[PDB]
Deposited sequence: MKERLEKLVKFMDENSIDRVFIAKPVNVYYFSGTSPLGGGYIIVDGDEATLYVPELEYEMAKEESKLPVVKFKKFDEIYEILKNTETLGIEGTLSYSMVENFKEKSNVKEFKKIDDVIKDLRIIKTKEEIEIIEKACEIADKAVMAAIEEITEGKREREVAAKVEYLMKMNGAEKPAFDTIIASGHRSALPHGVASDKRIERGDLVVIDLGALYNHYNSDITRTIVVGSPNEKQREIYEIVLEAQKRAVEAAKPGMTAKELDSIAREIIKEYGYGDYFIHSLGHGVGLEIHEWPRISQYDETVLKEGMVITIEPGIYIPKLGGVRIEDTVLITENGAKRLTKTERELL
């Protein structure tokens, strides 16, 4: 929503805004050019700037007016003498310095707050896409379980599962597929390796699908989470949600629960909010719920916050 961006620009005294992060360029333009895409909001509205190699593709996809540049150096001329330039916190130091030296920009203000507030609430159209990515992720996890046998390498299972996801319409995996067996299960971010699975080992299967620009996330462990999903009644804070699962684990005597309970999922695999965080959970928010004890066990579902509750978008047996 560009209307909310302009409204943010108005009450923070920002003249022009520059957006360069591919995910945010998509969110506001409807297209994401691989070789570079850049939005400038000049007061009232926005336009998409692309290199000539991306012009044709951006033209058929963008809801915004598209103009091509031969040199990136052209953008410094259009933003010349901007008093306050609204930028993403992720914008590189190089680019900031270039705006100061070549465009004579006088001050910079972080536009992160409005992008966070916009992207944190997913529309019905966004939820439909995420549900489809979750369906692909469901199929992939089931395929992984059927493929895990004696002597099989973690990476080989990962490859077949990622092949399955793409054959089912996913652009690519949402992240490096985690398949961790034996002592590797004790590691949370244990990306699949050359190590061979033996009988009696705990195999943590963690994967996601990127489908039509939206992500999914699922973890199953083969050889506490239910209560957290059941408790998420909007109006609740993110910390209070984390408290539920962490309390059960602490009550059993494993309070090993080293990472957070979850994270937001959308155009990126890890986004707002985190489940230290005290954001008020609202309907339309798409989050992850993943408790773990580290031997290693992790159970994770992508969950949608609905009116008076939360529902699982990933549907695989726990």
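Residues of the deposited sequence with no modelled C-alpha atom fall in the ranges 1-3, 227-243, 276, 297-298, 318-321, 346-348.
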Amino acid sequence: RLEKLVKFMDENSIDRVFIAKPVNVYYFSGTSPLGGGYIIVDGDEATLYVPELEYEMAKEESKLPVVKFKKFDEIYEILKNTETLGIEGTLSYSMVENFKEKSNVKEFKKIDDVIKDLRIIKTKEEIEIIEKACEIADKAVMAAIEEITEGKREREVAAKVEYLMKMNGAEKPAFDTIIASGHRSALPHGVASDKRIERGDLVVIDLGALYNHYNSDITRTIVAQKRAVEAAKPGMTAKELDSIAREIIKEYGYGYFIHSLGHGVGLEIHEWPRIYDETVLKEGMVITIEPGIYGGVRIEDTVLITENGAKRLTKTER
From here on, numbers count along this sequence of modelled residues.
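Stretch comparison (91-99 versus 238-246) by mean CA B-factor in the PDB entry places 238-246 on top. Split the chain's modelled residues into thirds by C-alpha temperature factor. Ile222 is in the middle one.
The entry lists a Cα temperature factor for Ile19 that places it in the lowest third of the chain's modelled residues.
In the deposited entry, the Cα temperature factor of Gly190 sits in the top third of values across the chain's modelled residues. In this PDB entry, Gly292 carries a Cα temperature factor that places it within the highest third of its chain's modelled residues. In the deposited entry, the Cα temperature factor of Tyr49 places it in the lowest third of its chain's modelled residues.
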